[PDB]
S.K.: 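Please find one structure pasted underneath; my questions will follow.
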Amino acid sequence: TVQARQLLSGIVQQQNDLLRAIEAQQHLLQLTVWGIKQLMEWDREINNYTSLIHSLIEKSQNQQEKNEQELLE
Amino acid sequence: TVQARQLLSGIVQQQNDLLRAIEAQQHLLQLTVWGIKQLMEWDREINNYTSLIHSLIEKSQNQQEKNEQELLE
Amino acid sequence: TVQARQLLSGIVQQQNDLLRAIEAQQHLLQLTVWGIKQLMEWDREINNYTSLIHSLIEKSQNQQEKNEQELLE
């Protein structure tokens with residue numbers, strides 16, 4: 001199981017890596033939006049997805065914390 | 001195995017969470033492109049990667065559906 | 001184990017799919033930044049996160065290579 005636990009641990013870790021990646025690109029999308037916005041429904045679509053994506057990140061963060069707990073058991 | 005199935009199920013779920021996150025940031029990138037585009041090769045690079053990324057999302061969506069089936073077995 | 005190895009292999013694969021997705025959206029964020037930039041601290045925040053995100057992609061790429069090796073064992 002030790003080697004078994006190893007792979008799953010690097011999968012769980014890799015998922016955390018990906019999530020932080022996704023969060024970091026969010027910070028960047030927000031900036032590009034700000035930039036664009038310094039220069040209609042477009043603003044509406046932006047908010048609909050921004051909310052959606054902040055929603056999905058939260059869920060993932062939560063699921064990440066549970067997967068790491070079930071792995072530590 | 002029940003607890004074993006549990007972790008893998010939250011990993012599979014987390015992967016779905018990440019994919020939808022990635023898709024939602026795509027909707028947002030498309031919008032920022034539109035925004036930018038309301039104001040050369042740049043347009044070419046945009047299309048090359050847009051296609052690439054829609055390609056990768058499709059594959060992932062497919063692989064997500066298979067991982068969820070192999071887990072339900 | 002064969003079926004056991006199967007799921008984990010599609011999870012590892014799915015993670016690669018997601019990473020390449022994330023990298024492809026990076027190429028696109030860079031382009032939208034360039035676009036925006038053709039037209040203050042904003043430039044600083046851009047670099048801080050760009051670095052951060054290139055950092056996270058590297059780590060993930062490395063972790064992807066290890067997970068695929070531990071799975072091939």
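As a basis for the values below, the full set of heavy atoms in this structure was taken, side chains included, without hydrogen atoms, waters or symmetry mates. A, B, ... follow the sequence lines: proteins, then strands. Residue 1 opens every chain.
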S.K.: Kindly list each side-chain donor-acceptor pair under 3.5 angstrom involving residues 45-53 of chain B, sequence neighbours excluded, with atom names and distances?
M.R.:
residue, atom, partner, partner atom, Å
B:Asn47, ND2, B:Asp43, O, 3.0
B:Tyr49, OH, C:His27, ND1, 3.2
B:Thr50, OG1, B:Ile46, O, 2.6

S.K.: Do the side chain of A:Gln25 and the main chain of C:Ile22 share a donor and acceptor less than 3.5 angstrom apart?
M.R.: yes
S.K.: Measure from the side-chain N and O atoms of A:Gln38 to the backbone N and O of A:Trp34, and report whether any donor-acceptor pair falls under 3.5 Å.
M.R.: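 Pair found, side chain donor or acceptor close to backbone of A:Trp34.
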S.K.: A:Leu29, C:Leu56: one ILVMFWY side-chain cluster at the under-4.5 Å cut-off?
M.R.: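 Both belong to a single hydrophobic cluster.
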S.K.: How long is the gap from CG on C:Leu31 to OG1 on B:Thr32, to the nearest 0.5 Å?
M.R.: 10.5 Å
S.K.: Is B:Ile36 reachable from A:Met40 through a run of I, L, V, M, F, W or Y residues, each pair having side-chain heavy atoms under 4.5 Å apart?
M.R.: yes
S.K.: Answer yes or no: does atom NZ of C:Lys37 have more than 12 heavy-atom neighbours from other residues, nucleotides or ligands under 6.0 Å?
M.R.: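 Count over threshold, so yes.
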S.K.: To the nearest 0.5 angstrom, please state how far the CG atom of A:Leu7 sits from the CG atom of C:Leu71.
M.R.: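 Rounded to the nearest 0.5 Å, the CG-CG separation comes out at 5.5 Å.
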S.K.: Give the minimum heavy-atom separation between A:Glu73 and A:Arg5, together with the two atoms involved.
M.R.: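 Shortest heavy-atom separation between A:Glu73 and A:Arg5 comes out as O-NH1, 3.7 Å.
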S.K.: Starting at CD1 of C:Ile57, measure out to CG of A:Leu18 and round the result to the nearest 0.5 Å.
M.R.: 10.0 Å
S.K.: Would a 4.5 Å heavy-atom cut-off, applied to side chains only, mark B:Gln26 and B:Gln30 as touching?
M.R.: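 Yes, their side chains come closer than 4.5 Å.
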S.K.: Salt bridge (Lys or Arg N to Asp or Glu O under 4.0 Å) with C:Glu23: which residues, sequence neighbours excluded?
M.R.: none
S.K.: Between the side chains of A:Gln3 and C:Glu70, does any donor sit under 3.5 Å from an acceptor?
M.R.: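 There is no such pair (donor and acceptor under 3.5 Å, judged by atom type) between the side chains of A:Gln3 and C:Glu70.
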S.K.: Let me check something: any side-chain donor-acceptor pairs from residues 8-16 of chain A under 3.5 Å, sequence neighbours excluded? List them with distances.
M.R.:
residue, atom, partner, partner atom, Å
A:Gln13, NE2, A:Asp17, OD1, 3.0
A:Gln14, NE2, C:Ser60, O, 3.2
A:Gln14, NE2, C:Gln64, OE1, 3.3
A:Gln15, NE2, B:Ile11, O, 3.4

S.K.: Is it true that the side chains of C:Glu58 and C:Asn62 contain a donor and an acceptor less than 3.5 Å apart?
M.R.: no
